[PDB]
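Asks:
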Amino acid sequence: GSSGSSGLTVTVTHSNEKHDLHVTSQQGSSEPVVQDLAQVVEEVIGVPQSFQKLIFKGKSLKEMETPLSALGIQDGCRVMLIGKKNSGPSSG
Numbered sequence: 001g002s003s004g005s006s007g008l009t010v011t012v013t014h015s016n017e018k019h020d021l022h023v024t025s026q027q028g029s030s031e032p033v034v035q036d037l038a039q040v041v042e043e044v045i046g047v048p049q050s051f052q053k054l055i056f057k058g059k060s061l062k063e064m065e066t067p068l069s070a071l072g073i074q075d076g077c078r079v080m081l082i083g084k085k086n087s088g089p090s091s092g
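For the sequence shown, the residue numbers in PDB author numbering are 1 to 92.
1) In this structure, how does DSSP classify residue 79 when only helix, strand and coil are distinguished?
2) Determine contact between the region 72-91 and the region 53-64, defined as no fewer than three beta-carbon pairs at a distance below 8 Å.
3) Can you tell me where the beta strand (DSSP E) with residue 33 in it begins and where it stops?
4) By the 10 Å Cβ neighbour count, where 16 or more other Cβ atoms means buried, how is residue 36 classified, buried or exposed?
5) Start and end of the beta strand (DSSP E) containing residue 3?
6) In whole angstroms, what is the alpha-carbon distance linking residue 31 and residue 66?
7) Which class does residue 10 belong to by DSSP, given the choice of helix, strand or coil?
8) Of the residues 89, 47, 90 and 88, which one's Cα is nearest the Cα of residue 12?
9) Compare the beta carbon distance of residue 44 and residue 23 with 8 Å and say whether it is the shorter of the two.
Structure follows, in structure tokens:
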């Protein structure tokens with residue numbers, strides 16, 4: 001058979017748990033970058049880039065324009081995310 005894809009399958013741990021997410025390109029860039037990774041989270045997990053903190057290999061990923069490949073991330077990896085998820089009765 002034949003198998004292949006563009007995006008990448010990387011898990012993102014936030015709430016002392018693991019959340020598998022599928023990263024994809026920005027319908028324009030040959031390959032997806034950290035930027036997308038951050039979005040996939042706020043879009044999947046539910047945490048804003050202002051509350052979530054990316055961390056890989058003990059390094060806090062703070063670069064979006066940077067390719068996930070450069071940081072060392074690639075289809076089949078586990079990224080650590082530090083932040084607060086929408087939990088608890090909030091009124092305002």
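Here a beta-carbon is modelled for each residue, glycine too, at the ideal position from N, C-alpha and C.
Replies: Checking against the coordinates, here is how it stands:
1) In the sequence shown, counting from the first residue as 1, residue 79 sits at position 79. Note: residue 79 maps to strand in three-state DSSP.
2) yes
3) Within the sequence shown, residue 33 is the residue found at index 33, counting from 1. Note, residue 33: premise wrong, no beta strand (DSSP E); not H, not E.
4) Reading the sequence shown from its first residue, position 36 is the one you call residue 36. With 16 or more neighbouring CB atoms inside 10 Å of its own CB, residue 36 falls in the buried class.
5) Position 3 of the sequence shown, counted from the start, is the residue given in the question as residue 3. Where residue 3 is concerned, there is no enclosing beta strand (DSSP E), given that its DSSP letter is neither H nor E.
6) In the sequence shown, the residue the question calls residue 31 occupies position 31. In the sequence shown, the residue the question calls residue 66 occupies position 66. Each residue's alpha carbon lies about 11 Å from the other.
7) The residue you call residue 10 lines up with position 10 of the sequence shown. Strand, per DSSP.
8) For the purposes of this step, residue 12 is taken as the residue at position 12 of the sequence shown. Of 89, 47, 90 and 88, the residue nearest in Cα terms is 47.
9) As a working mapping, residue 44 is identified with position 44 in the sequence shown. As a working mapping, residue 23 is identified with position 23 in the sequence shown. Going by C-beta atoms, residue 44 is not nearer than 8 Å to residue 23.
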